[PDB]
Amino acid sequence: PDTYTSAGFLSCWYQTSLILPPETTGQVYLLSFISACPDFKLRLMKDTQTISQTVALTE
Amino acid sequence: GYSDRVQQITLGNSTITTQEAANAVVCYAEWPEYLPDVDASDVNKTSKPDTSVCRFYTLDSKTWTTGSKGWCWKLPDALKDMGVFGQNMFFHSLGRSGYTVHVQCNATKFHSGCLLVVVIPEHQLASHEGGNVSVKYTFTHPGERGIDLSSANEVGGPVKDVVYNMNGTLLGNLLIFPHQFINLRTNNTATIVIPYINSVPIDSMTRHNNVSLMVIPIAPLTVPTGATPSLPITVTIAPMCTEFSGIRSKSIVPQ
Amino acid sequence: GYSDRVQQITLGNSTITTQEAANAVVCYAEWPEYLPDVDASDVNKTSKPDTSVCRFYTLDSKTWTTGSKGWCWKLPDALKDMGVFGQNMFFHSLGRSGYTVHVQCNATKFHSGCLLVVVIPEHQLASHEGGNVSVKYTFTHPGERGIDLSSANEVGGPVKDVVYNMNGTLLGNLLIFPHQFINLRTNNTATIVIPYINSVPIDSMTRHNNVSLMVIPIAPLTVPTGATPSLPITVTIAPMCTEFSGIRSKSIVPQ
Amino acid sequence: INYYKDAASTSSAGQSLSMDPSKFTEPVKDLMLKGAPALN
Amino acid sequence: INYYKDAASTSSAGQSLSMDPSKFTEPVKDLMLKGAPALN
Amino acid sequence: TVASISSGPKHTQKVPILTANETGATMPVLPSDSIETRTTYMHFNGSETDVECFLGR
Amino acid sequence: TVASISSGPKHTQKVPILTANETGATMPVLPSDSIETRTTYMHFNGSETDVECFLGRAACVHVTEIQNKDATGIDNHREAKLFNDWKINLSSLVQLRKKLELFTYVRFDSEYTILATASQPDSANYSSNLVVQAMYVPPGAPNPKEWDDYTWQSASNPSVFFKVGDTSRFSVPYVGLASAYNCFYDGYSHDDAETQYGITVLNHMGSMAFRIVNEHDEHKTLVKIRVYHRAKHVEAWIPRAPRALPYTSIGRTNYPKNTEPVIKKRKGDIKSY
Amino acid sequence: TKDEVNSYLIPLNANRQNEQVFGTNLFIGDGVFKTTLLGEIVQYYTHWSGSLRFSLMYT
Ligand SMILES: Cc1cc(CCCOc2c(Cl)cc(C3=NCCO3)cc2Cl)on1
C-alpha cells in the first residue's frame with residue numbers, strides 16, 4: 001500500500017432493502033469473490049511478506 | 001433466453017440491472033436526441049458534458065405504507081443538486097435534456113399492491129386555495145425530496161388531492177400519459193425513457209420544469225401476516241443527451 | 001496590413017484583442033491537443049466540456065510599483081474556482097488541460113519598465129527554512145491570489161527570493177523556459193500557449209500543479225514626472241483542450 | 001553481438017544525431033524571418 | 001550457441017506465450033455465453 | 001493488443017454482469033460490460049509471470 | 001559542412017541584426033551577418049555533447065559501510081552495521097545530481113558497478129576473504145532484520161555475490177512507474193495539509209541491502225561499499241536553469257540560509273576589463 | 001478475532017433502508033484482499049495495473 005499510488009474504495013448499500021418471506025427469519029449472507037480482468041499486468045518480482053522462518057526445517 | 005423481464009441499462013459510469021422488469025416505455029415512441037440545427041435559434045455552440053452528466057443519480061428513498069397517497073418529483077428540479085449535472089444547470093442560461101427514469105420496489109410473492117408510475121409533460125399544479133391564488137416557486141421546486149401528496153396543505157403550495165392529479169383532472173385518466181405499473185405480483189421496477197418535450201428548442205432549467213414524474217399507490221400495499229407493514233420505493237434517474245448553452249455567472253434562485 | 005502587433009484570440013464565448021503584441025510563444029513549439037488512445041491508460045471515456053471550460057478567465061489584478069519583486073501563480077490552481085472549469089476539477093478523479101495565458105500591462109511612451117513572463121514546467125519550490133523542511137500544501141495552492149514574492153516568509157511556505165527562482169537557480173537563466181518580455185516601450189501584452197506537459201497521460205488536478213506562470217519586474221517601473229508611481233498588471237488565462245475523467249463524489253482539499 | 005537477452009543489458013545508445021534547437025530558440029507562433037523586421 | 005552436449009545444460013527456456021485460462025476459469029460441461037442467462 | 005475497447009450506453013435484454021457462480025465458472029467480465037470505456041492498448045505481454053521466469057532464479 | 005560562408009560588404013534595407021527579444025525567440029544570427037567572412041568548415045559533429053554521452057559515464061552515487069564481527073550479543077544488527085542498506089536514490093551525491101537536474105523528466109536503464117574494499121584498522125594477523133551479498137528489497141518485501149535471516153534467502157529477489165576488493169556489475173531496466181523519472185515534482189501524494197512535498201514522495205523504489213556472508217574471524221574487518229551508476233539509453237525532456245545554490249536535502253529544492261553571493265563581484269567598475 | 005468460516009460471510013438485515021452493507025479500501029496487497037489467491041500472487045510482484053472483477057453471490 002502506497003498513497004500516491006492508491007486505488008479508491010468499494011462500498012455497498014441497500015438500494016431498496018432485503019425482504020424475507022413469511023415463516024423465515026434472521027440474517028442472510030452474501031459470499032464475495034475477487035479475480036483479475038484479462039487487462040491485468042503484474043511486474044518486477046520480489047519476495048512475499050507472507051512467509052518467513054527462523055530455523056531450517058528438517059525431516 | 002432474453003426475457004422482457006431482465007434488463008441492463010449502462011449510462012456513463014453507472015449500470016442498473018433488473019431481473020423483473022415489464023418492458024420499458026419510451027414516451028410518445030421517441031428516444032432522446034440532441035438539438036438539430038434546423039430547429040436551433042440561439043447562435044451559441046452548446047456544451048455536451050456527456051458521461052459526466054449522463055449517468056444515473058439515485059434520489060433518496062421513500063416509504064410506502066398503507067396510508068401513502070403518492071409522491072411527485074419535477075425535472076430537471078429533482079436533479080438540481082446532483083454532481084456536475086446540477087452545476088451546469090445553475091451556470092448556463094439555457095440547457096435541454098431527456099432522461100431514463102427507473103423506479104424500484106421489490107416485495108415477496110405474498111405481498112400485493114400496485115403503483116402507477118407516470119410522466120406528465122407540463123404538469124401545471126393547482127393552488128388548494130381556489131380562485132386565482134398562485135403556487136409559489138419554492139413549492140414547485142421541492143428538489144430531490146419531491147412533493148408528498150399525503151403531507152398537509154401549506155400556504156402558497158399546491159393542492160395534494162390524489163384523485164385530481166393536483167390539477168382538476170381524474171386519477172383514472174393519467175393513463176393517457178406515458179406510464180407503467182409496478183404490480184408486486186408481476187413487476188418490481190418501471191422504466192420510462194423521456195425525450196425532451198417543449199414548445200421552444202431549449203429553455204431555462206430553473207424557471208420551468210418540463211415533466212413531473214409521479215408514483216401513486218393505487219391498489220394499497222398489503223403485507224403478509226405479521227410482516228412489517230411497509231416497503232421502500234427508490235427512484236434513480238439519468239439525464240441523457242444533455243446540452244447546456246449560454247454560460248455565465250451562475251443563477252441565484254429563491255430560497 | 002497584418003502586424004505581429006495586433007491580435008485577436010476567441011476561445012469559447014470570450015475574445016481578447018491586443019493592438020500591441022510581440023508575437024506569441026507556443027511552449028516547445030507544440031499546441032495543446034487531446035489525449036490520444038495510443039497514450040491512454042485509464043479505461044474511462046473522458047468528458048470534454050468544450051466551450052464551457054475553454055474560455056478566458058481574468059484573475060484579479062496586481063499592482064506593479066517600484067518596490068515589486070514579482071508574482072507567481074500555479075496551474076491548474078489559479079483556476080480552481082473559475083466557473084464550470086473549477087467544478088469539473090473538484091468532481092473528477094483525473095483531468096488534463098493546456099492553456100492560453102495573456103498577461104496585460106499598458107503605460108505610455110514616457111514610462112519605462114520591463115516584466116519577464118515565463119512558464120516553468122514542474123516548478124518545485126524550496127522551503128526558506130533550508131534543510132529538508134517541506135512547503136505545506138496551502139502554501140503552494142494560493143488560488144487566484146497567486147504568491148507575492150515581496151510578501152514575508154511564512155511558516156511552511158516557500159522562500160520568496162527572486163534572484164533564485166524560488167528553487168536554487170538564478171533569475172538570469174529562466175530564459176531557457178518558454179517566456180516573453182513586456183517592455184513598456186515595445187509591448188503591452190505577453191501571450192504563451194501551453195501544451196499539457198507531464199510524465200503520465202492524465203493526472204490529479206488537485207495534488208499536482210504542472211506549471212507556474214511567473215511575472216517578474218526586471219527593469220524597474222519608472223513613471224514620467226509626477227505620474228502616479230504604479231501600473232496594474234492583469235492576467236487572463238483560458239483552459240484549452242480540457243478533458244476530465246473518473247467522475248465521482250467531489251474532492252475535499254486542505255484549508 | 002548482444003550476449004544477453006534483455007534490452008537493458010546492451011551498451012550505450014549511439015548519437016541522436018537529431019539536433020533541432022528551434023523548439024527552444026524559436027517557439028514563436030508566427031514565424032520570424034531573419035532580416036525582415038521583428039515587429040511589423 | 002550451446003557449448004555443451006546435454007540438454008539440461010542449456011539456459012532457461014523462453015516464454016510459453018501459451019496462456020489459456022479456460023481450463024481453470026470455465027471448466028463447465030455445457031458452454032456458457034456471456035450475456036445469455038446463466039441458468040435457463 | 002487492445003486492453004479496453006470503446007463502448008457506449010447500453011439498454012439491453014442481454015446482461016453480461018448477472019451470472020450464477022454456483023456453476024464453478026469465472027465468467028470473463030470486463031470494464032466495458034458495465035461502464036462506457038475508450039480504447040486503450042496493453043503495451044505488455046506478461047513475460048515475467050511465465051512459470052519459467054517465476055521458478056527460474 | 002560549412003562553419004562560415006564567404007560574405008562581403010552589405011548596404012541593405014534588410015538588417016538581420018536588429019530584433020525584438022521581447023518575443024521570446026533567439027534569432028539565429030551568424031558572424032556573416034555583420035562582418036565580411038571567408039569560408040571555413042566545421043570538421044566536428046557534436047558527438048560528445050549528446051545527452052547519451054553526457055549522462056552515460058559511471059558516477060559514484062553512494063558510499064556505505066558494513067563490518068564482519070561477532071554478532072554474539074548484538075541486539076540490533078542493523079545498528080552494528082552487521083549489515084546496512086541504502087534507501088536507493090540518486091540525489092545523495094550532488095556531482096551527478098546537478099547534471100541530471102538540467103532536465104525535468106529523464107528515462108534510462110541503469111548499469112550499477114559496486115566496488116567493495118576492506119580495512120582492518122586494528123591489529124589483525126591477516127586480511128580475510130569476505131564475500132558480499134547485495135540484495136534489492138523491492139518495496140513491500142520482507143526487510144532483513146538480522147544478518148542471516150530468511151530474507152537473505154532472496155528466492156525471488158535479485159541478488160549478487162562478489163568478493164571484497166572485487167567489483168560486481170549488472171544493469172537494471174528503467175523501473176519507473178510513469179513514462180519517465182520526475183527530476184522535479186510540484187505536487188503531493190494526496191490532498192493533505194501536512195503531507196510532504198516534492199519527489200521524495202514519488203521516488204519510493206525500496207532500498208538495497210548489503211552484508212558479508214562470511215562468519216566472523218578473530219579480528220574485525222570494515223568493508224566500505226561504493227555504488228557507481230551509469231545511465232544507458234537516455235531520453236531527457238524539458239531543459240531547466242542549472243543549479244546555482246548548494247543542496248541541503250535529497251529530493252527538495254531547498255538551499256541553505258545565509259548562503260553566499262553566487263555571482264562573482266567585479267574587482268573594479270562595470271567598465272573594468 | 002480468530003480465523004473463522006464466518007469472515008467469508010457478509011450479513012444482510014431484513015427491512016433496513018438507505019444503510020451501508022460493507023466498505024473496504026482497495027489495497028489489493030493488504031487487508032481483506034491479502035489472503036485471497038489474487039492478493040497472494042500480487043505480493044510476488046512490485047507493481048500491478050489493470051481491472052479487478054468483484055462479484056457477490058446471494059444465498
Ligand atoms: C532514479 C532512480 C533509479 C533507480 C534504480 C532502481 C533500483 O534498481 C535496482 C534494482 Cl531493480 C536491482 C538491484 C540489484 N539486484 C541485484 C543486486 O542489485 C539494484 C538496484 Cl539499484 O532508483 N532511482
# chains A, B, ... in the order shown; residues from 1 in each chain; ligands from 1
call {"tool": "select_by_dssp", "arguments": {"residues": "chain F", "states": "alpha helix (DSSP H)", "output": "PyMOL selection string"}}
result
chain F and resi 51-55
call {"tool": "residues_near_ligand", "arguments": {"ligand": "ligand 1", "cutoff": "7 Å", "atoms": "only C-alpha atoms and all ligand atoms", "output": "PyMOL selection string"}}
result
chain G and resi 88-90+110+112+134-136+158-160+172+175+181+203+205+208
call {"tool": "residues_around", "arguments": {"residues": "residue 17 (chain H)", "least_positions_apart": "4", "cutoff": "12 Å", "atoms": "only C-alpha atoms", "output": "PyMOL selection string"}}
result
(chain A and resi 13-19) or (chain B and resi 60-64+105+230-234) or (chain H and resi 12-13+21)
call {"tool": "interface_residues", "arguments": {"of": "chain B", "to": "chain E", "cutoff": "10 Å", "atoms": "only C-alpha atoms", "output": "ChimeraX atom specification"}}
result
/B:1-3,6
call {"tool": "closest_atom_pairs", "arguments": {"of": "chain F", "to": "chain H", "cutoff": "10 Å", "atoms": "only C-alpha atoms", "output": "CSV"}}
result
residue,atom,partner,partner_atom,distance
F:3,CA,H:50,CA,8.7
F:4,CA,H:51,CA,9.8
F:17,CA,H:55,CA,9.0
F:18,CA,H:55,CA,9.4
F:19,CA,H:57,CA,8.8
F:20,CA,H:57,CA,7.6
F:21,CA,H:57,CA,6.7
F:22,CA,H:57,CA,8.4
F:26,CA,H:53,CA,9.7
F:27,CA,H:53,CA,9.8
F:28,CA,H:53,CA,9.0
F:29,CA,H:53,CA,7.3
F:30,CA,H:51,CA,7.6
F:31,CA,H:51,CA,7.0
F:42,CA,H:50,CA,9.4
F:48,CA,H:45,CA,9.5
F:49,CA,H:45,CA,9.1
F:54,CA,H:44,CA,9.2
call {"tool": "closest_atom_pairs", "arguments": {"of": "chain G", "to": "chain F", "cutoff": "9 Å", "atoms": "only C-alpha atoms", "output": "CSV"}}
result
residue,atom,partner,partner_atom,distance
G:155,CA,F:57,CA,7.1
G:156,CA,F:57,CA,6.9
G:157,CA,F:57,CA,8.6
G:158,CA,F:57,CA,7.9
call {"tool": "write_last_selection", "arguments": {"atoms": "N, CA and C atoms", "output": "CSV table (one decimal), in the first residue's frame"}}
result
chain,number,residue,atom,x,y,z
G,155,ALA,N,14.9,-15.6,-2.7
G,155,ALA,CA,14.5,-16.7,-3.7
G,155,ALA,C,13.7,-16.1,-4.8
G,156,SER,N,13.3,-14.8,-4.6
G,156,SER,CA,12.5,-14.1,-5.7
G,156,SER,C,13.1,-12.7,-5.9
G,157,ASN,N,14.0,-12.4,-5.0
G,157,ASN,CA,14.7,-11.1,-5.0
G,157,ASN,C,16.1,-11.2,-5.7
G,158,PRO,N,16.3,-10.4,-6.8
G,158,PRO,CA,17.6,-10.4,-7.5
G,158,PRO,C,18.7,-10.0,-6.5
call {"tool": "closest_residue", "arguments": {"among": "A:11, A:3, A:27, A:58", "to": "residue 11 (chain H)", "atoms": "only C-alpha atoms"}}
result
A:27
call {"tool": "residues_around", "arguments": {"residues": "residue 95 (chain B)", "least_positions_apart": "4", "cutoff": "12 Å", "atoms": "only C-alpha atoms", "output": "PyMOL selection string"}}
result
chain B and resi 34-35+42+44-49+76+85-91+196+200-210+239+241-247
call {"tool": "atom_distance", "arguments": {"atom1": "CA of residue 121 (chain B)", "atom2": "CA of residue 161 (chain B)"}}
result
19.2 Å
call {"tool": "closest_atom_pairs", "arguments": {"of": "chain D", "to": "chain G", "cutoff": "6 Å", "atoms": "only C-alpha atoms", "output": "Markdown table"}}
result
| residue | atom | partner | partner_atom | distance |
| --- | --- | --- | --- | --- |
| D:8 | CA | G:173 | CA | 5.0 |
| D:9 | CA | G:171 | CA | 6.0 |
| D:12 | CA | G:232 | CA | 4.9 |
| D:13 | CA | G:233 | CA | 5.2 |
| D:25 | CA | G:26 | CA | 5.0 |
| D:26 | CA | G:25 | CA | 4.6 |
| D:34 | CA | G:16 | CA | 5.1 |
| D:35 | CA | G:16 | CA | 3.8 |
| D:38 | CA | G:19 | CA | 5.2 |
call {"tool": "write_last_selection", "arguments": {"atoms": "N, CA, C and O atoms", "output": "PDB file, in the first residue's frame"}}
result
ATOM      1  N   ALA D   8      17.987  -4.033 -21.676  1.00  0.00           N
ATOM      2  CA  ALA D   8      18.618  -3.074 -20.743  1.00  0.00           C
ATOM      3  C   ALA D   8      20.062  -3.470 -20.687  1.00  0.00           C
ATOM      4  O   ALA D   8      20.832  -2.738 -20.091  1.00  0.00           O
ATOM      5  N   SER D   9      20.309  -4.636 -21.291  1.00  0.00           N
ATOM      6  CA  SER D   9      21.708  -5.093 -20.915  1.00  0.00           C
ATOM      7  C   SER D   9      22.657  -4.696 -21.952  1.00  0.00           C
ATOM      8  O   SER D   9      23.893  -4.859 -21.741  1.00  0.00           O
ATOM      9  N   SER D  12      25.720   1.423 -24.425  1.00  0.00           N
ATOM     10  CA  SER D  12      25.190   2.805 -24.561  1.00  0.00           C
ATOM     11  C   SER D  12      24.599   2.964 -25.949  1.00  0.00           C
ATOM     12  O   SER D  12      24.920   2.223 -26.880  1.00  0.00           O
ATOM     13  N   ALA D  13      23.684   3.930 -26.072  1.00  0.00           N
ATOM     14  CA  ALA D  13      22.978   4.131 -27.295  1.00  0.00           C
ATOM     15  C   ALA D  13      23.607   4.707 -28.488  1.00  0.00           C
ATOM     16  O   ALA D  13      22.799   4.307 -29.568  1.00  0.00           O
ATOM     17  N   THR D  25      14.726  27.696 -29.281  1.00  0.00           N
ATOM     18  CA  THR D  25      15.156  29.050 -29.709  1.00  0.00           C
ATOM     19  C   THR D  25      14.143  29.856 -30.461  1.00  0.00           C
ATOM     20  O   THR D  25      14.240  31.138 -30.555  1.00  0.00           O
ATOM     21  N   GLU D  26      13.143  29.300 -31.042  1.00  0.00           N
ATOM     22  CA  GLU D  26      12.138  29.972 -31.802  1.00  0.00           C
ATOM     23  C   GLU D  26      10.774  29.372 -31.632  1.00  0.00           C
ATOM     24  O   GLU D  26      10.171  28.887 -32.634  1.00  0.00           O
ATOM     25  N   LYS D  34      14.668  36.080 -40.487  1.00  0.00           N
ATOM     26  CA  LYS D  34      15.879  36.967 -40.141  1.00  0.00           C
ATOM     27  C   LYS D  34      16.072  38.045 -41.136  1.00  0.00           C
ATOM     28  O   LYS D  34      16.305  37.731 -42.389  1.00  0.00           O
ATOM     29  N   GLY D  35      16.013  39.340 -40.798  1.00  0.00           N
ATOM     30  CA  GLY D  35      16.292  40.284 -41.982  1.00  0.00           C
ATOM     31  C   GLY D  35      15.015  41.036 -42.187  1.00  0.00           C
ATOM     32  O   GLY D  35      15.056  42.267 -42.518  1.00  0.00           O
ATOM     33  N   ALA D  38      11.387  42.626 -37.021  1.00  0.00           N
ATOM     34  CA  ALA D  38      10.835  41.844 -35.905  1.00  0.00           C
ATOM     35  C   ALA D  38       9.374  42.168 -35.679  1.00  0.00           C
ATOM     36  O   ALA D  38       8.511  41.261 -35.530  1.00  0.00           O
TER      37      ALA D  38
END
call {"tool": "residues_around", "arguments": {"residues": "residue 95 (chain G)", "least_positions_apart": "4", "cutoff": "9 Å", "atoms": "only C-alpha atoms", "output": "PDB file with C-alpha atoms, in the first residue's frame"}}
result
ATOM      1  CA  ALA G  59      29.310   8.384 -11.305  1.00  0.00           C
ATOM      2  CA  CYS G  60      29.684   7.471  -7.587  1.00  0.00           C
ATOM      3  CA  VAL G  61      26.187   7.591  -6.195  1.00  0.00           C
ATOM      4  CA  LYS G  99      23.861  17.044 -14.296  1.00  0.00           C
TER       5      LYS G  99
END
call {"tool": "residues_around", "arguments": {"residues": "residue 147 (chain C)", "least_positions_apart": "2", "cutoff": "9 Å", "atoms": "only C-alpha atoms", "output": "PyMOL selection string"}}
result
chain C and resi 70-74+139-143+145+149-151+160
call {"tool": "interface_residues", "arguments": {"of": "chain A", "to": "chain E", "cutoff": "12 Å", "atoms": "only C-alpha atoms", "output": "JSON, numbers by chain"}}
result
{"A": [35, 36, 37, 38]}
call {"tool": "residues_around", "arguments": {"residues": "region 63-71 of chain G", "least_positions_apart": "5", "cutoff": "8 Å", "atoms": "only C-alpha atoms", "output": "PyMOL selection string"}}
result
chain G and resi 77+80-86+210-212+214-217+219-227
call {"tool": "closest_residue", "arguments": {"among": "H:18, H:1, H:25, H:7", "to": "chain B", "atoms": "only C-alpha atoms"}}
result
H:18
call {"tool": "closest_atom_pairs", "arguments": {"of": "chain F", "to": "chain B", "cutoff": "7 Å", "atoms": "only C-alpha atoms", "output": "CSV"}}
result
residue,atom,partner,partner_atom,distance
F:9,CA,B:11,CA,4.7
F:10,CA,B:10,CA,4.8
F:11,CA,B:9,CA,4.1
F:12,CA,B:8,CA,5.4
F:13,CA,B:7,CA,4.6
F:14,CA,B:2,CA,6.6
F:15,CA,B:8,CA,5.5
F:34,CA,B:15,CA,5.9
F:35,CA,B:13,CA,4.6
F:36,CA,B:12,CA,5.5
call {"tool": "select_by_dssp", "arguments": {"residues": "region 175-220 of chain B", "states": "strand (DSSP E or B)", "output": "list in words"}}
result
residues 179, 180, 181, 182, 183, 189, 190, 191, 192, 193, 194, 203, 211, 212, 213, 214, 215, 216, 217, 218, 219 and 220 of chain B
call {"tool": "write_last_selection", "arguments": {"atoms": "C-alpha atoms", "output": "short mmCIF file (atom, residue, chain, number, x, y, z; two decimals), in the first residue's frame"}}
result
data_model
loop_
_atom_site.label_atom_id
_atom_site.label_comp_id
_atom_site.auth_asym_id
_atom_site.auth_seq_id
_atom_site.Cartn_x
_atom_site.Cartn_y
_atom_site.Cartn_z
CA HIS B 179 -46.75 5.32 -17.79
CA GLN B 180 -46.07 1.80 -16.45
CA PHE B 181 -47.49 -0.02 -13.33
CA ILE B 182 -45.38 -1.81 -10.66
CA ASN B 183 -47.71 -4.71 -9.50
CA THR B 189 -39.33 -1.88 -11.46
CA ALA B 190 -40.78 0.60 -14.01
CA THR B 191 -38.54 2.30 -16.64
CA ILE B 192 -39.57 5.21 -18.84
CA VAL B 193 -37.28 6.99 -21.40
CA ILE B 194 -38.27 10.67 -21.77
CA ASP B 203 -35.30 26.71 -22.33
CA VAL B 211 -42.16 16.89 -16.66
CA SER B 212 -43.36 15.72 -13.26
CA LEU B 213 -42.68 12.04 -12.52
CA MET B 214 -45.47 10.75 -10.24
CA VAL B 215 -45.51 7.43 -8.31
CA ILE B 216 -49.03 6.73 -6.86
CA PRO B 217 -50.13 3.65 -4.87
CA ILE B 218 -53.46 2.56 -6.48
CA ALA B 219 -54.04 -0.95 -5.08
CA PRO B 220 -52.99 -0.45 -1.44
#
call {"tool": "atom_distance", "arguments": {"atom1": "CA of residue 44 (chain F)", "atom2": "CA of residue 19 (chain E)"}}
result
13.9 Å
call {"tool": "closest_atom_pairs", "arguments": {"of": "chain G", "to": "chain A", "cutoff": "8 Å", "atoms": "only C-alpha atoms", "output": "JSON lines"}}
result
{"residue": "G:137", "atom": "CA", "partner": "A:46", "partner_atom": "CA", "distance": 7.3}
{"residue": "G:138", "atom": "CA", "partner": "A:46", "partner_atom": "CA", "distance": 6.0}
{"residue": "G:140", "atom": "CA", "partner": "A:49", "partner_atom": "CA", "distance": 7.1}
{"residue": "G:141", "atom": "CA", "partner": "A:47", "partner_atom": "CA", "distance": 5.5}
{"residue": "G:142", "atom": "CA", "partner": "A:49", "partner_atom": "CA", "distance": 5.1}
{"residue": "G:149", "atom": "CA", "partner": "A:54", "partner_atom": "CA", "distance": 7.4}
{"residue": "G:150", "atom": "CA", "partner": "A:53", "partner_atom": "CA", "distance": 6.1}
{"residue": "G:151", "atom": "CA", "partner": "A:52", "partner_atom": "CA", "distance": 7.7}
{"residue": "G:154", "atom": "CA", "partner": "A:47", "partner_atom": "CA", "distance": 6.8}
{"residue": "G:155", "atom": "CA", "partner": "A:47", "partner_atom": "CA", "distance": 7.0}
{"residue": "G:156", "atom": "CA", "partner": "A:46", "partner_atom": "CA", "distance": 4.9}
{"residue": "G:157", "atom": "CA", "partner": "A:46", "partner_atom": "CA", "distance": 4.8}
{"residue": "G:158", "atom": "CA", "partner": "A:46", "partner_atom": "CA", "distance": 7.8}
{"residue": "G:188", "atom": "CA", "partner": "A:4", "partner_atom": "CA", "distance": 7.7}
{"residue": "G:189", "atom": "CA", "partner": "A:4", "partner_atom": "CA", "distance": 4.2}
{"residue": "G:190", "atom": "CA", "partner": "A:4", "partner_atom": "CA", "distance": 6.2}
{"residue": "G:201", "atom": "CA", "partner": "A:4", "partner_atom": "CA", "distance": 7.7}
{"residue": "G:202", "atom": "CA", "partner": "A:4", "partner_atom": "CA", "distance": 7.4}
call {"tool": "interface_residues", "arguments": {"of": "chain G", "to": "chain C", "cutoff": "9 Å", "atoms": "only C-alpha atoms", "output": "VMD selection string"}}
result
chain G and resid 20 to 25 104 to 105 178 to 199 238 to 257 262
call {"tool": "write_last_selection", "arguments": {"atoms": "C-alpha atoms", "output": "PDB file, in the first residue's frame"}}
result
ATOM      1  CA  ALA G  20      12.860  42.300 -30.679  1.00  0.00           C
ATOM      2  CA  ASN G  21      13.888  39.931 -27.801  1.00  0.00           C
ATOM      3  CA  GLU G  22      10.567  40.580 -26.180  1.00  0.00           C
ATOM      4  CA  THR G  23       9.153  37.881 -28.472  1.00  0.00           C
ATOM      5  CA  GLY G  24      10.951  35.078 -26.671  1.00  0.00           C
ATOM      6  CA  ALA G  25      12.946  33.938 -29.711  1.00  0.00           C
ATOM      7  CA  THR G 104      12.745  17.850 -15.821  1.00  0.00           C
ATOM      8  CA  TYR G 105      11.925  14.219 -16.811  1.00  0.00           C
ATOM      9  CA  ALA G 178       5.450   6.523 -15.116  1.00  0.00           C
ATOM     10  CA  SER G 179       6.821   7.018 -18.623  1.00  0.00           C
ATOM     11  CA  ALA G 180       9.863   8.767 -17.147  1.00  0.00           C
ATOM     12  CA  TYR G 181      11.616   9.682 -13.894  1.00  0.00           C
ATOM     13  CA  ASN G 182      10.496  13.006 -12.438  1.00  0.00           C
ATOM     14  CA  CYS G 183      13.544  15.144 -11.670  1.00  0.00           C
ATOM     15  CA  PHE G 184      11.102  17.600 -10.129  1.00  0.00           C
ATOM     16  CA  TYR G 185       7.556  17.321  -8.874  1.00  0.00           C
ATOM     17  CA  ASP G 186       5.452  20.255  -7.771  1.00  0.00           C
ATOM     18  CA  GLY G 187       2.732  18.181  -6.074  1.00  0.00           C
ATOM     19  CA  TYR G 188       1.935  15.847  -3.159  1.00  0.00           C
ATOM     20  CA  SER G 189       0.973  12.212  -2.541  1.00  0.00           C
ATOM     21  CA  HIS G 190      -2.585  13.255  -1.717  1.00  0.00           C
ATOM     22  CA  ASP G 191      -4.625  16.333  -0.794  1.00  0.00           C
ATOM     23  CA  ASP G 192      -3.413  16.504   2.804  1.00  0.00           C
ATOM     24  CA  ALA G 193      -2.459  19.555   4.859  1.00  0.00           C
ATOM     25  CA  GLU G 194       0.716  18.043   6.339  1.00  0.00           C
ATOM     26  CA  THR G 195       1.819  15.569   3.643  1.00  0.00           C
ATOM     27  CA  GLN G 196       5.394  16.034   2.374  1.00  0.00           C
ATOM     28  CA  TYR G 197       6.233  17.948  -0.779  1.00  0.00           C
ATOM     29  CA  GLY G 198       8.483  17.000  -3.650  1.00  0.00           C
ATOM     30  CA  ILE G 199       9.658  13.901  -5.423  1.00  0.00           C
ATOM     31  CA  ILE G 238      12.428  19.980 -20.912  1.00  0.00           C
ATOM     32  CA  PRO G 239      15.753  21.727 -20.098  1.00  0.00           C
ATOM     33  CA  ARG G 240      15.826  23.946 -16.972  1.00  0.00           C
ATOM     34  CA  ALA G 241      18.154  26.567 -15.437  1.00  0.00           C
ATOM     35  CA  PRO G 242      21.279  24.935 -13.840  1.00  0.00           C
ATOM     36  CA  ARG G 243      21.531  24.644 -10.061  1.00  0.00           C
ATOM     37  CA  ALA G 244      23.149  27.760  -8.572  1.00  0.00           C
ATOM     38  CA  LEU G 245      22.956  27.368  -4.743  1.00  0.00           C
ATOM     39  CA  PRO G 246      24.160  24.373  -2.733  1.00  0.00           C
ATOM     40  CA  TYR G 247      21.869  21.455  -1.957  1.00  0.00           C
ATOM     41  CA  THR G 248      20.597  20.614   1.533  1.00  0.00           C
ATOM     42  CA  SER G 249      18.308  17.593   1.110  1.00  0.00           C
ATOM     43  CA  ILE G 250      17.581  14.543  -1.090  1.00  0.00           C
ATOM     44  CA  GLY G 251      14.533  15.471  -3.100  1.00  0.00           C
ATOM     45  CA  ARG G 252      13.817  19.042  -2.168  1.00  0.00           C
ATOM     46  CA  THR G 253      14.990  22.121  -3.978  1.00  0.00           C
ATOM     47  CA  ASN G 254      15.788  23.877  -0.753  1.00  0.00           C
ATOM     48  CA  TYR G 255      19.022  25.831  -0.420  1.00  0.00           C
ATOM     49  CA  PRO G 256      20.770  26.860   2.796  1.00  0.00           C
ATOM     50  CA  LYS G 257      20.062  30.199   4.601  1.00  0.00           C
ATOM     51  CA  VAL G 262      26.907  33.119  -6.239  1.00  0.00           C
TER      52      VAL G 262
END
